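Structural description and commentary
What follows is the residue order along each chain.
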Amino acid sequence: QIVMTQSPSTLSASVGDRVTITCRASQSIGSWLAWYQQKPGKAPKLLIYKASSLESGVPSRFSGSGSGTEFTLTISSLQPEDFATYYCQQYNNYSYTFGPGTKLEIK
Amino acid sequence: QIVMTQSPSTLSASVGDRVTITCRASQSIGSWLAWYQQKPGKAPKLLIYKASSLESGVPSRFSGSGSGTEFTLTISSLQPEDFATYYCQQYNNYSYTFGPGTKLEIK
Amino acid sequence: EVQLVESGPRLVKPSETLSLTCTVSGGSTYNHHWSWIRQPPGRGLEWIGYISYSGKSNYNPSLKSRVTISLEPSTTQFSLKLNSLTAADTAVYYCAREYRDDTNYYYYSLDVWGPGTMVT
Amino acid sequence: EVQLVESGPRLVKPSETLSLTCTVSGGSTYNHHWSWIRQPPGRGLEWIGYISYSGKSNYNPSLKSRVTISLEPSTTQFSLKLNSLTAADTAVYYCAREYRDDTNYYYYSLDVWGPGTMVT
Amino acid sequence: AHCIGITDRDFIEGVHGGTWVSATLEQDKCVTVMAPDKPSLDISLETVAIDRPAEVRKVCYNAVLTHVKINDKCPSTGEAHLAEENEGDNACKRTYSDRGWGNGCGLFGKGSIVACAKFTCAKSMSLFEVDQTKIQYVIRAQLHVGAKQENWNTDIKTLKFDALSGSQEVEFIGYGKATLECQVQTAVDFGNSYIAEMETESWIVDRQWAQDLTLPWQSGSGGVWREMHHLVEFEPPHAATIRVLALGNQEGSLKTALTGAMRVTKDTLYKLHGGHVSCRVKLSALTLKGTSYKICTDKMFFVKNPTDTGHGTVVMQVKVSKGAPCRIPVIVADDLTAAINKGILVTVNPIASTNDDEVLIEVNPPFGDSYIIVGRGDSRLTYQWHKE
Amino acid sequence: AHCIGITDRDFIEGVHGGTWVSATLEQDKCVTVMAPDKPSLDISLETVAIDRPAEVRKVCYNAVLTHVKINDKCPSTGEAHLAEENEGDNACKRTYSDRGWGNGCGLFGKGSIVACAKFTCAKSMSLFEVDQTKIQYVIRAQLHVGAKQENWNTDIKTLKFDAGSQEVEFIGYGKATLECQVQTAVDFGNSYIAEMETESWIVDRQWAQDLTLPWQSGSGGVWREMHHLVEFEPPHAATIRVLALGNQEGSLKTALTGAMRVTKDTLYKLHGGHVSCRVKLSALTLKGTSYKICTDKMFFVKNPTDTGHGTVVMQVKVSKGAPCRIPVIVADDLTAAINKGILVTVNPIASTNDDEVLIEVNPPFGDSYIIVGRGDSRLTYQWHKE
């Protein structure tokens, strides 16, 4: 089963910052990568699919890139809304695997 | 006048090897870079133009890549013909500048 | 507006069984892969498995021996069946739809989720 | 087959001038930028300069004060004249064609060269 | 198979002593074969296709030009020549331009000028050859036993045939076997047709039409594009230059020209969107299971109530909770009093082998008001039906 | 100007006392205006163009589809809905599909099915409006003085006009006045500039608006009539095959083959039109009529050569003469000094020494002699003209 790692484990920033979370697969997963946003007490919501494609209607400040092994999620201008834990997930082949999670909180 | 550097200064290899020469510009030159092959006592011959486009009829083993500052010339499978001095040259804007040259000889 | 809601026993004793049921409204269950995912308190997400209308299913290797996911298409709801429980199986269980379009070739992974129910 | 030949005084004493002439066969000089490039024995290439049929010309900053490149369109040949010579100016002088197509936007830099001529 | 879900459905009733039954199978359409004292047979055409067809031609509908070279000699002395003139992958034009004093030419008149450009095809259309003897087709066959839809995928016997394959036997466990003697009808003129595929989309086209296309075309071996001039235009020369441009993408005009042709789709094998299969079905070796079973007397339940199929029939799913291996009495009467069946049973002789077994019944009720009656006694199920 | 290099060349000779001379200038074509006792004036149309025309429409001719979403309800359970149904950039279809127990719905009949797809235009064609008040045109004017071809660009006066008359002063030769009017083939109120990638055209408005393609405006980026390039195949069970139609570049261009062309500066130039001009010749004076005759030796820098205009051109160097005029005649005999030829370069001149001067003469048909100078120093060139 494919193993996903994320970096960093935790990140503190302020509103208006440009932030970048990175995600790694143990082997190649093509472009089949999803980014999920989870707030406490809520289910993960699909933000990014296929590495770079935004789900409607996720704000255009959200963006993703990368392929093969390395991927990156980028928020150009952070908002109070965006403070949550972001998980990555491969859906190249079963069984699917989530990342350990990257926590984003206020400074 | 824009300054061009090359690396390495000299490279010793054998027939059948894969070699890669690098060329650097002092500032961005887009993709306007040419590669020349010069043999002793003879005039420079045009191999590559516009960073990656091959002049007819240069063997397809020759290839080029890069844009702006960083450039590379690649020979996938070395041949006895290829043993000569390779110069890079920017022609994005006058005055044009050649590189010091990368000498390629047999081991 | 496709919505999923999970329901079932909140407390399950060890050595017993876990019978959860996800109800799908706003869309049929003919397409897509209907999946289960769990998340222990203060820990990460774990993809349990899926089942399709075709009958083809797949379970997480760390869970396959116990996990059984079944599908009731007529009532448009599917079930999770987890055996041989332990303290590790104490987690928030989400049921989710993995969108798969084999006609136009689009795959959005798990796009629709349920609120999730905490099983201890 | 566009061909260039440079010719002129081979042996030049210091303090004089350098009268080189590149003759173009197989094509006219209306298009392209006609250039001079030199190479001292055992060193790298130095781009001297160019002139066009349009009248626009340009010289290497390290040589500009001395270099004069002229164009004789009738016989399709152009000339290099370098003054204030020195031991540093001892080099093999090539005349070359810089191909420029302003109609289809193709530029191959110096694509056609002459045999090169050794000046001391 | 299963023909209940497939809306375009035909019924073919066999005669009591009939050994063979003719039936024609069309795409997106299925046939239900009935015969007295014998199980109903669902037959359907799944696919008609070609495997590994041979490429015969390629036809470029989008080309890009690179390495545009120009040679522009002056009047009198001088024919213009480019090296690219003797290379295979270059579209070239030889002309003459008005030149004189002003263009660096000591004489006034016509000077030879040659322009060559690298022809590389961005997108092309593949033209495959179609062989009758390479045609394979697939037929789904499934008997009308009391089975759940979710078990259909387990019951369906899929059969594969070739161009000259023979009669094929299909044995259903506990029900004997049937024999399919099938023949494939192409709808294509092989000696005058191509498979034309663009990117994802394919068609069955006229060979003559394809070869008469005013576009560059290639072959199966050497990769030299012929008649390149179709997508390369050379504007009149001015002085010492020539405008060499590539023509527009011809995807749209081609596709609009292809709207009326028979469709084809290549998937991980070339599927055909047309054709049909003529079949002779042997029913004699088909036997009815559990005719000697005892009658189900235990309490039964409609898991799924009798519902309209759109085929003029009704379907229902009955659970037999306790009853042992037994047969289920299903009739459609005009009243609760008369036990006279006015309806026709499609699922001939329903059965529940094991317990808590769910069995699917399909009946053709008579026109008007009727009662669907399943079982006997106090345990029997009755369901009101209206069919105008 | 200079009309020698331009092969399509007309001559207009003015009458002796004529003050004005009419002349029509077409694209890639020039006119040489002659008048007795006055210098010849070369006039030519360079460009007729438009500056910063306003974008009015876009017409997509290649579109790509992404984000194909589908929602499918069973019969008697509701209309299917997608979130993307409400976004501006999505092409959508709502239909009904054949459903029953075969696809997992408990009833047999029509189930609602909706398919939406992200519409993004890969390549589009811009439709600019043509305002006649933004039309400018350029005319080259140059006198026939004794110069060389490599000095032509220095001698040529280039003139710009918008939608009055302009004066052109030649140093030491007076001045001419051009009263020009531009005539182009445009129904400004019924035409667009249609530009795709590098190529442009003058198209008819009705045709542009009647195109069966998606179209936009200069403002908001909401594509209208997206259905022209989007096809929804009939629904099977719970899916719909959503296709983008083919690239319409080719069909469009083939439909545009006969239309007037337009280009850009690497300023939309028009591949047509013409300019009607009134040329004032009265204020034009001839220089050096009182110079002495060149008696010193002259040499043909460039021998008399055919121009293709029925005229001949030659380049003569005056090395050892002062400011002087050159006597040029074309006689039918070397003894008889009777000029049968017509001098286009009226009264050739040599201001400085080693000066090279271009003579253009229109020799008579048959055998003739081109004579430059007098005495023993004179140059003679036998010329034949069919």
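Its PDB header names X-ray crystallography as the technique used to obtain the model and reports a resolution of 2.9 Å.

Some points on the overall build of chain F
When you go through chain F residue by residue, the secondary structure sums to 3 helices and 29 strands. Here the C-alpha radius of gyration of chain F, 34 Å, is well above what a compact globule of 386 residues would show, namely 21 Å. Seen through its principal axes, chain F has C-alpha atoms that stretch 120 × 40 × 30 Å.

Observations regarding the overall build of chain E
Helix and strand counts for chain E come out as 3 helices and 29 strands. In terms of C-alpha radius of gyration, chain E reaches 34 Å, well past the compact-globule figure of 21 Å for 388 residues. The C-alpha extent of chain E, read off along each of the three principal axes, is 120 × 40 × 35 Å.

A short note on the interface of chain F and chain E
In this complex, chain F contributes 34 residues to the contact, which on the side of chain E involves 34 residues. Between chain F and chain E the total buried area reaches about 2,500 Å² when both faces are included, carbon and sulfur atoms providing 59% of it. In terms of surface lost to chain E, no three residues of chain F exceed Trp101, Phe108 and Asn247 of chain F, which account for 29% of the buried area on that side. Seen at the junction of chain F and chain E, the total is 2 salt bridges. Put simply, the parts of the chain that give the side of chain F that touches chain E at least two residues each are β16 (242-244), α3 (249-255), β21 (298-306) and β22 (312-318) of chain F. For the side of chain F that touches chain E, the residue count by class is 10 nonpolar, 15 polar and 9 charged.

So, the interface of chain D and chain B
With 23 residues of chain D at the interface, the matching set in chain B holds 18 residues. Between chain D and chain B the total buried area reaches about 1,700 Å² when both faces are included, carbon and sulfur atoms providing 59% of it. Among the residues chain D hides against chain B, the three largest losses belong to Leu45, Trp47 and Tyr108 of chain D. Together they make up 31% of the total. Where chain D touches chain B, the interface holds 0 salt bridges. At the junction of chain D and chain B, the tally comes to 12 residue pairs in polar contact. The dominant element in the side of chain D that touches chain B, judged by the number of residues it contributes, is strand β9 (residues 106-113) of chain D, at 6 residues. Its residues assigned to classes, the side of chain D that touches chain B shows 12 nonpolar, 7 polar and 4 charged.

Remarks on the domain arrangement of chain F
Residues and elements named next belong to chain F. Here chain F is partitioned into domain 1 (1-51 + 131-185 + 260-286), domain 2 (52-63 + 122-130 + 186-223 + 245-259), domain 3 (64-121 + 224-244) and domain 4 (287-386). Summarising the inter-unit geometry, the C-alpha centres of domain 1 and domain 2 are found 34 Å apart. The interface of domain 1 with domain 2 comprises 14 residues on the first partner and 15 residues on the second. At the level of elements, β17 (260-263) and β18 (268-270) are the ones that each hand at least two residues to the side of domain 1 that touches domain 2. It is β17 that contributes the most residues to the side of domain 1 that touches domain 2, 3 residues altogether.

Topic: the packing of aromatic side chains
Under the criterion given, the structure shown has 48 aromatic pairs over all chains. Seen from their ring centres, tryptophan 34 of chain C and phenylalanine 78 of chain C are 5.8 Å apart, and the 40° between their planes marks the pair as tilted. Linking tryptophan 34 of chain C in strand β3 (residues 33-39) with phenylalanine 78 of chain C in strand β7 (residues 77-82), this pair joins segments that are 44 residues apart in sequence. Among the residues examined, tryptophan 34 of chain C registers a relative accessible area of 0% and is labelled buried. A connected cluster of aromatic rings, assembled from ring pairs, spans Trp32, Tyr91, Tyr94 and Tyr96 of chain A together with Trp47, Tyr50 and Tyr107 of chain C. Note that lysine 69 of chain E overlies the ring of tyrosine 99 of chain D, its terminal NZ or CZ placed 5.8 Å from the centroid.

Considerations on the UniProt feature "disulfide bond" in chain E
Residue and element names in this part refer to chain E. Taking the pair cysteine 3 and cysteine 30, which UniProt gives as a disulfide, the gap between the sulfur atoms is 2.0 Å, short enough to count as bonded. Taken together, the residues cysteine 3 in the segment before β1 (9-13) and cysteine 30 in strand β3 (residues 30-35) connect sequence positions 27 residues apart. The class of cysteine 3 is buried, set by a relative accessible area of 0%. Between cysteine 182 and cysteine 279, where UniProt places a disulfide bridge, the two sulfur atoms sit 2.0 Å from each other, close enough for the bridge to exist in this structure. Like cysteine 279, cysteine 182 is buried.

Quick notes on the pairing of strand β2 (residues 18-25) of chain C
Residue and element names in this part refer to chain C. Side-chain alternation along β2 places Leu18, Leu20, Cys22 and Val24 on a buried face and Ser19, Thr21, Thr23 and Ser25 on a face that remains uncovered. The pairing of strand β1 (residues 3-7) with β2 spans 5 bridges and is classified as antiparallel. The residue bridging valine 5 from the neighbouring strand is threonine 23, located in β2. Of the pairings in the sheet, the one linking β2 to β7 comprises 6 bridges and is antiparallel in character. For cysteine 22, the partnering residue across the bridge sits in β7 and is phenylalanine 78.

Examining the domain arrangement of chain E
Residues and elements named next belong to chain E. Each domain of chain E was delimited in the assignment, giving domain 1 (1-51 + 131-187 + 262-288), domain 2 (52-63 + 122-130 + 188-225 + 247-261), domain 3 (64-121 + 226-246) and domain 4 (289-388). Distance between the C-alpha centres of domain 2 and domain 3: 31 Å. Across the boundary between the two partners, domain 2 contributes 16 residues, which contact 15 residues of domain 3. Carbon and sulfur atoms supply 67% of the area buried between domain 2 and domain 3, which totals about 1,400 Å² over both sides. Area buried by domain 2 at its contact with domain 3 is led by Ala63, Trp225 and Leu247, which between them contribute 49% of it. Connecting domain 2 to domain 3 are 0 salt bridges. One can count 6 residue pairs in polar contact joining domain 2 with domain 3.

Rules of the game
- Residues numbered from 1 in each chain as written, not as in the entry; some residues may be left out.
- Chains lettered and ligands numbered in written order.
- Heavy atoms only, no water.
- Residues with missing side-chain atoms left out of burial classes, pairs and counts.
- Helix = DSSP H or I, 4+ residues; strand = E, 2+ residues; numbered from the N terminus.
- Rg over C-alpha atoms; globule rule 2.2 N^0.38 Å.
- Contact = heavy atoms within 4.5 Å.
- Buried area = accessible area lost by both parts, 1.4 Å probe.
- Salt bridge = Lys/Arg side-chain N within 4 Å of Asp/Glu carboxyl O.
- Nonpolar A, V, L, I, M, F, W, Y, C, P; charged D, E, K, R; others polar.
- Polar contact = N/O pair within 3.5 Å; in protein donor to acceptor, adjacent residues only side chain to side chain.
- Domains from an automatic or database assignment.
- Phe/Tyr/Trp six-rings, centres within 6.5 Å; stacked < 30°, edge-to-face > 60°.
- Buried < 20%, exposed > 50% of the residue type's maximum accessible area, 1.4 Å probe, protein only.
- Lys NZ or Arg CZ within 6 Å of the ring centre and 35° of its normal.
- Disulfide = S-S within 2.5 Å.
- UniProt positions renumbered as here; feature names shortened; annotations may be inferred.
- Pairing = 2+ DSSP bridges.

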